[PDB]
Amino acid sequence: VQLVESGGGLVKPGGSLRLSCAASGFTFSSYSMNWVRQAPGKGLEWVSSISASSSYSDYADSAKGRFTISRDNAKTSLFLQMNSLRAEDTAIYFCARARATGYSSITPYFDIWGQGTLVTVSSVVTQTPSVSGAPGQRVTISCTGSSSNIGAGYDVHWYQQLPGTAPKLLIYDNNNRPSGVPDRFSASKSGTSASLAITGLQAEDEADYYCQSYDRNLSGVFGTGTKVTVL
Amino acid sequence: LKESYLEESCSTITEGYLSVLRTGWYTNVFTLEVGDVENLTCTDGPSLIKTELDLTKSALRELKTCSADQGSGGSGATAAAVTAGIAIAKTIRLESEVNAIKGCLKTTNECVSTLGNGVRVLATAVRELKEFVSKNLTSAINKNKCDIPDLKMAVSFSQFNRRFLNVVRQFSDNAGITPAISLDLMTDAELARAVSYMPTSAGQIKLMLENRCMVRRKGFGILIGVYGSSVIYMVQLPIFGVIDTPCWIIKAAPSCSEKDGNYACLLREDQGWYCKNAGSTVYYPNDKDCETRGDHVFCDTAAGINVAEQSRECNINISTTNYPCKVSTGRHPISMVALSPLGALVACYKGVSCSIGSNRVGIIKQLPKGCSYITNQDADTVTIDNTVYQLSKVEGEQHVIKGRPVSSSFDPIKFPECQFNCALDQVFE
Amino acid sequence: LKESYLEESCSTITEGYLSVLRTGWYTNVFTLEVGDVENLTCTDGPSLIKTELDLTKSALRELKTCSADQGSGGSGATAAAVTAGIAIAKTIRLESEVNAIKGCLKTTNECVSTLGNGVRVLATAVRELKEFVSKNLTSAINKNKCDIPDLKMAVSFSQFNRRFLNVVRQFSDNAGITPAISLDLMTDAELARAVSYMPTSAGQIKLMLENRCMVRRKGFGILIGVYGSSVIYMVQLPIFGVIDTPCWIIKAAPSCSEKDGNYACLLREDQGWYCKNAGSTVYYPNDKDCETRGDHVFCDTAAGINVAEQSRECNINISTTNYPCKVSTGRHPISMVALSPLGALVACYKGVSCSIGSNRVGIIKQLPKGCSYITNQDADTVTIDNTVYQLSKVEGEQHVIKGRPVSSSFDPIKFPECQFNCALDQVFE
Amino acid sequence: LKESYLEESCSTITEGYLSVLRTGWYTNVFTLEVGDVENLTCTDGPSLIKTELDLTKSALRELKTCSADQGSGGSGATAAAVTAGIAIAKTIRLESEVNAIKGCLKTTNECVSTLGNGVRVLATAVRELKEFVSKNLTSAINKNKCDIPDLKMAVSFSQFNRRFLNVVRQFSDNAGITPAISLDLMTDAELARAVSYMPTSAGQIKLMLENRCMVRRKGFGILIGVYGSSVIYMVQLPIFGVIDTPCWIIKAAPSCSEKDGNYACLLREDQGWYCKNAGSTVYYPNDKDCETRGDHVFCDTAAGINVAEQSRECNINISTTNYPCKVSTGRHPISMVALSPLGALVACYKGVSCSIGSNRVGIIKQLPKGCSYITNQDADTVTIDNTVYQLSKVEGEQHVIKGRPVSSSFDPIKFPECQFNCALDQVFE
Amino acid sequence: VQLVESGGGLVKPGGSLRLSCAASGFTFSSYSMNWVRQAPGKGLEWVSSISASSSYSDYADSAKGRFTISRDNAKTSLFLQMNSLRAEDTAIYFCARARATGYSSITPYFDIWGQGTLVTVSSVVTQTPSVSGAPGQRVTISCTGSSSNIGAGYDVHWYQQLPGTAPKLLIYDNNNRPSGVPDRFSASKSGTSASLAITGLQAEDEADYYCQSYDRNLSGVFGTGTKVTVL
Amino acid sequence: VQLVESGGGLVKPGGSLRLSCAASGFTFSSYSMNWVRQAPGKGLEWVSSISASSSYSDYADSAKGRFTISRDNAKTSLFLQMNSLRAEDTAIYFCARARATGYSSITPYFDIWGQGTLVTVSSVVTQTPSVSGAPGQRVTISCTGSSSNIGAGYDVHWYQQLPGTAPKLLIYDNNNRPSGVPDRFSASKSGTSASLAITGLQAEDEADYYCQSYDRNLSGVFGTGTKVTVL
């Protein structure tokens, strides 16, 4: 399974750009792809979505009309058109597959991410800015937010992103865990909040942890970014 | 839509549908407050109120006996749905949760309450009958004389208590678990508000607001019971987690080969709906699980049967397939017409008159022995002996996968006669 | 009636019935006009009109999403009937057809209109609520004040909109395709008028005027939808082409032969109704397809399965039959009582107590091992272990075709043991 | 309750239930007297009475043809119940019995009458509409002018005739044989009086008084017909002769053994309920025959299939069983979850993701290939690929009968493949 | 499949006569039977009918009372008793097996006709008196009916009868066609009138063509009879 | 199949006595059980009942609270504890099975009886006091009851008890008959009275006959006891 990307070249401030994402290894016609924007040094941002057959396609309030999305199931490709680029669009773009359990709420989680492509020009949830410590003792990360983010019943997912690496799904559907992730990490949701507990930290297992939960006003918020460092 | 007639197994596969698969339940707990009808009494003769008060008391005392209780379990979609609903119903039955719900609903008509189980429910109070009973009814019936000559209260109480009586009738007839959300448990305004309060994306909200008449059929209502004077019951609205993924319906007719007056035929048992939740084909055997409204097909994931992706080979080449296709071989076939969504495939054998014809030209042509596919564009009526079938009027792309029938090449002299759970790759080698 | 107990296969065949086979459909398009209820508004409190106006608005808004969209198809009688109805429904949905129907029904209460498809339908207008709403409901609601003190219009509106609310409830519960013609879709007067307007012979007219309670069950209704303010929906009355032809019902019980504790039994799968449309035996496997009302049996030709006339040999001699007779064989049998229309045949084996007795004599006798036929004249009650069955009280001609059971001569020690689908002629030789 | 997971055959047997088996019927003949509505006529416009009088006349004339004529017979519980009811209905239809019943009910509201058949019935008169029609309606409509301005009569008639209209609707929709006792045929007071009048022991009376909505669903109503102006119809309440005897529900899942990609699986057919009427195990296959209300299970002895006491050996050791135990075998199995009353047994094979997890810990663990039993204490949610099942919240004693799976020792490479009703002691030796 | 009708001879006026059809070759108890008389030199006229099991019997208005019909399924026979027959009953009587499709309307069409027996004693649908033309080209035959004839939805059936020959079913159920009839013949119906076309008229196609749909007041009304001929 | 009785020892007035009944040969957990006491010289009398799972238990309206009944299905045993028995409790006690057809009315009949044990200290139905005659002809016994026992729809059963012998079921469910009973015995219930006819009685028919029905007030009423004699 891989989502190769192309089309991320230098653009003048006000041109047009095509981003293509070719997915190999799964049925492209049954998964609702998404696009995620990551600024050079800031948190992840959700920009656009697409249904499994292009019937529905939501956009972020900062990219409505300005951007557009499409897909071709015959060639298994996903395309993003950016017109009239601004000065705040310099970032790396990931094409991410999405799945939704839907048992309690529809809060899609991006389990598989692309490598990302550079793009350059010439009620949001928030969490702890950083946390430190030593290997051994447990550390906790809290992702707050209420009303529509988590007070509406939407689940909370946690992604771990190493520096200069594609984000990886760490916790999905509140407190569950995917295969390949050690039981070292734990997660929980209480009221309108979230908690990720890491006990027995490794020196090499420090990265940025982001919380994502669907929001009624604007779809797919992301956390501000918790910087975990180990002495 | 797009229908392909697979001549190899004499079947029709119709693609172009879009899935709407129910994945979860959303709980809306209604607390229909009746009032102190039990304390009120009538001693005189009929007064248009004593009869209605007696009916209300009978309904309230009838609801006490049949509270929807834990079932015997099962494996179907309805059994799983009932078990899931009763899981929250038993948590609601506890005094703490019901007291908290009634307390928060005392001041406001809506609550968003988190149970001790951890699930979130929407509490709704429809206390309109209680208001009338506690303000207007008790005012005119201070004594045991119910023969008030205003005639306003009688018709007003007839209007107000209709919903309660309908709810009682539904819950008594269905033994506490109604099969669908009626117009009495949950009105249009309450349905719209509950949909707007659901934790779901914009697409599902729009789809359920457009197909509002299917949300009332994919859900159901469970009776928590009568606590004090309030009839408390939960409505389980569906939550379509998986939406707008490709689906296709497969229909089959017996494909036959005949010699010396003896027939030998194969019929596919893998008929019904197939969908794709997330990279995994799901097959629904009973046609009552999945139902279509236009191009969308609504299904319940509880009744789905997971099928490996290798089953797609069953619509390409079954003679040399690797995945075992589920077909049954038998002799002395049955002449019948299977109405595909676009066209129709007819399989008539022995001495059976077969013909197709339009509404203007007349009898267009006769059918050669063997099963044949008839589009709804080149024909309008199919006659088998005396029975007449009218084809559909929908438009789509019809294709024919040309080839040789499988049963024509497997020695129609004799067969092992396997009928229930059989394969063509191994059983009929 | 006349019932013969064939002891060769231990099965009762009851003849003497008369067919009433539904061959066609007749379309009665009702246009229930509601009026300009949407424009009217109430801002005051509940005045016995605002509540009912809100209910009417909710019903009208709900009817929009319950349009009977095209189904997924199938092979049963209900699927074919639904497809045939939707074939005319889609033609009616066109703007020209509905406009012409409403134009012709504006002046008169009945129309006989030919559609562009070529079919002829009867257009009926039931615009009674619309007139009241238009003239004398709106006369007192010129302003936004709905608190009129006369109180007569409130109960009048309650009486007038009951039919509309019932229609809305039925079409919402059934998703636009009701299973039968209720008393709300088409009243008795309209049903009689539609029957009198049908193009059929006098005999069918008399039969279905004496049997309205079955015509209301053999038909159904399909909702075209809400156009402007008019709810348009068609009712598909049945047209019984083949009438008064011989029919017979075949019921079977497991006939067994056993030794040394090992059994071998055969049960005829071909149980159910057989009729003769026109020189061709038609077999109805499902017991819900055919319903008996006296000596007449009402059936639908869509669910019928054509069967060759050679199948009559199954009731003469199955041991040396030429036509392949279907039997399901097995060991370790089941003790059960099959209640024939005249008598009853009981098949109890192993350690099962079997007896018959009247209501006065007591226990008449004890049934010997092996299946036996019991008329309703020589006995009145059949006891199997603890279960008690009461026989019918109808009179008829009972016959017993004496002979030797077939399974008694097929080596009860070991038998080929094919159950789901095999024929006794060349599978169990 | 107490559930044992038999690992040998991958089944769950849940004991601890208590039988309530319907053994007999009790006849309550209601005579709903309408009055001389036919003689009364209206010629003016809609006056809130002419419309209602027309509706009453239409209902009365519609009831004439919906007489519950003798059925076609059958072998199921509903067929036997219908035949038993019609046996007394035909005796009632005679002029002598109806005349005697009406004569004894003319003076008093209840009768205990013995028919010529020797059965004892309870005759009930609900003549409230007739009294109003004869006393009030005729007095106000002495002339042909139906536009009385009192408005009391209109609403009073609306209240009084509701029960008659509901009865007409039910009997017309159900063709004279309603499937269950509604709230309109027999109210709560009449149900209590009939139960108190029944010839049964105190315990059965108490049980039937507690569970009023299970007595309203095991009985039914049959329309004798319209005689003169009185609609006479019988109601057949159930009589539970066998009570408080042990019952147990058996559920099964396909147990599999596989190698080199080839599977071999067995699934037990003997799923469903088992009870003990009197020293004789009775097996109910259909889950609709028996309904659970608490720990009690209500069943009908008509649908019961008698099974030998040796069938208990199926839950001990099937590998070396003496009694032949029924198993359906196959290959390429089906992944599914069977929700037992206490826990749930999941059988998922091939490439299907399987897991259990609670509501507060997350995914607890993954399922090893092969069927597994999951109690409701160690897990709260079961995930199969994407489908999510919620387990029950009831408490009980869970046991596991440790052993080796049977299918693990029957050569998974190739197997005889007997599918429909094949034993294990001799078919799969 | 044929009928061997016999039992017709000259009688004194005001007497009685027993005519018999002995049908052999099909299930006589399943097919309805009809009696159709033809005056010498005029068109066909419906006389009587009988149900499949001798339950419902219908008679023509002119033949009501005097004529009675019965059937015996044991020996597969049909009998007509004529009492006090008038002078206008001098006619050739034909047995007719009747079938009805019953899809849109119930109009029985007589496909199998008996040879017929001659009795000597001593709101109708009308069509063109005669159509003539050269061989080779096409001609049209039009049969019009009243509201109860064709305007009630009753399908129209066309029969062709050679001189001195039993008529045969040419076109049944509006525009359909039975086996053995060439595709040269083709008919249609519009509103209240039907019409067929002899596409490629031949020398041997000259005969008498009759139309019959049904009536609400009458029953099985036949056409007036068109006499086509070839030059 | 038989019911061993034990515990019938001498007891002083006002004491306690435990009687045990062990049943062998049938499923003890599916049959209701009953106690029937017979005074030394008078007719049978009902004592107490117990269901198949000890959930419903009814008592005769003469020793409610004074007595208690229980059963254990583990070893298939049943127990009756009599506390503070009076001087009128000296009787032979029989533990009897109970079966109820339940087709028309629920009136259990005592098909299998134990031998009983002797206990000593230190709307009732009635029938003929006695009948006599000679061998060869027919004799009749009439058991009449009020409107609560037979007029309420309850059935009537007839038991025959030899002198110094456990009673044996003779007629059950009005007029039926069990296996092993000669057909010369007949029974018939009419309105409010039952009749037992013995045709051609032998010399071994000299025994008491009891009629048993069910009351709404006091369950399981027995007859007064008729004595037949043979010359």
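A few points about this structure:
First chain written, first letter: the chains are A, B, C, D, E and F, and each begins at residue 1.
The definition used in the following text is that a residue touches a chain if its C-beta (ideal position, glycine included) is under 8 Å from a C-beta of that chain, and two chains touch if they have at least 3 such contacts.
When the contact pairs of C-E are matched by residue number across D-F, C-F or A-D, over half of them reappear in D-F.
Note: Cα superposition of chain B onto chain C, rotation of 120 degrees, nearest 5. Per-chain Cα centroids separate chain A from chain F by 82 Å. Inter-chain spacing, taken between the CA centroids of chain A and chain B, is 36 Å.
Between chain B and chain D, the centres computed from C-alpha atoms are 21 Å apart. For chain A, the set of residues that touch two or more other chains comprises 101, 103. Of all residues in chain C, those that touch two or more other chains are 23-24, 151, 155, 158, 242, 277-278, 360, 386, 388, 420.
Taken in their complex, chain B has these residues touching chain D: 23-24, 46, 48, 51-52, 58-59, 61-62, 65-66, 69-75, 79-80, 83-84, 86-87, 90-91, 117-119, 151, 154-155, 158, 168-169, 172-173, 175-176, 242, 277-278, 280, 301-302, 304-306, 308, 324, 418-423, 426-427. Against chain F, the residues of chain D that register as touching in their complex are 18, 23-24, 112, 114, 119-120, 199-204, 206, 239-246, 276-279, 309. Against chain D, the residues of chain A that register as touching in their complex are 101, 103, 174-177, 187-188.
Every residue of chain D that touches chain A in the complex is listed here, in rising order: 357, 360-363, 381, 386, 388.
Partner chain C is touched in their complex by these residues of chain B: 151-152, 155-156, 159-160, 180, 182-183, 187-189, 210-214, 216-217, 249, 251, 273, 287, 290-294, 297, 330-332, 334-341, 344, 348, 350-352, 359-360, 384-394, 417, 419-420.
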